[PDB]
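Taking the form deposited in one PDB entry, here's one chain by itself in structure tokens.
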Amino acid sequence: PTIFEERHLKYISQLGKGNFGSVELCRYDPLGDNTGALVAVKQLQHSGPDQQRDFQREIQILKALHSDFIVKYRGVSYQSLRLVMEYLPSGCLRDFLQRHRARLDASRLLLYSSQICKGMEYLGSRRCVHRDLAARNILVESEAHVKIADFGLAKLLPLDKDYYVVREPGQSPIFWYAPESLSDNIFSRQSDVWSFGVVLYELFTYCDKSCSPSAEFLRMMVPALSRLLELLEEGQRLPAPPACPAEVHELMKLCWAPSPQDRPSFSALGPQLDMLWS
């Protein structure tokens, strides 16, 4: 049922590529008449023991998450393990905003914000920290529906602790990380809230490259990690997006509070986003 036969997974193309893994577009087609469903299939390529263990955790995490705003686990395929997910043909939200900017207004962006928030609220209820919340990792289900994706760096909190310390820092872009993550490798639901603030910045700049998080931080900026951390600890933040409502920018600034304790929860952000302009 949730076991997918290798021989019926017809490869079409690559969707994304990583250093130790890749995501491929396939049609699972048992009948062989091209009528079967399209699926996104993740697999490791020449990985080490550490990456295989993480991949086993990722599979079980995603398998247990049930939300309308999180990409759906479909099953597995077995020498080498493969993770089968639903396929969302509209692609990631970053490319979508850039491509369809003229068609999408501020109310649509707030709809996406609300749905991402609800997904993250649900993730926090499962004691799960995403660690890589960004517009590139949000998928478009339809023009009025987005889902959080890419659980490769996701980790569950310890049962009796609200934070997690990463030993070996995974090389993802520094401009979505909270201060404590950069300084001390501390991750939590509150560090995800920081990243959500950057997602709101991404949405309301329509993921424009010229004014991206990196581009704008680099303008404000001896090492790059040490300079970014120095800048944030002085209180310097990303600017208001030009086409952003005042109240939305105020919520971004609360998401970026220096102390994790002073940042609002996704449960407190949700109603604030939904009640805007009513």
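Position 1 is the first residue in the sequence shown; the rest follow in order.
Although not depicted, the form solved in complex with a small molecule is the subject of the following passage.
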| query | finding |
| --- | --- |
| Any non-hydrogen atom of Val198 within 4.5 angstroms of the small molecule in the deposited complex | yes |
| 4.5 Å heavy atom contact, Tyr112 to the small molecule in the deposited complex | no |
| 4.5 Å heavy atom contact, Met220 and the small molecule in the deposited complex | yes |
| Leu232 within 4.5 Å of the small molecule in the deposited complex, heavy atoms | yes |
| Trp194, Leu228 and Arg237 all contacting the small molecule in the deposited complex, non-hydrogen atom within 4.5 Å | yes |
| Segment that reaches the small molecule in the deposited complex - one of 26 to 34, 209 to 217, 46 to 54, 240 to 248, heavy atoms within 4.5 Å | 209 to 217 |
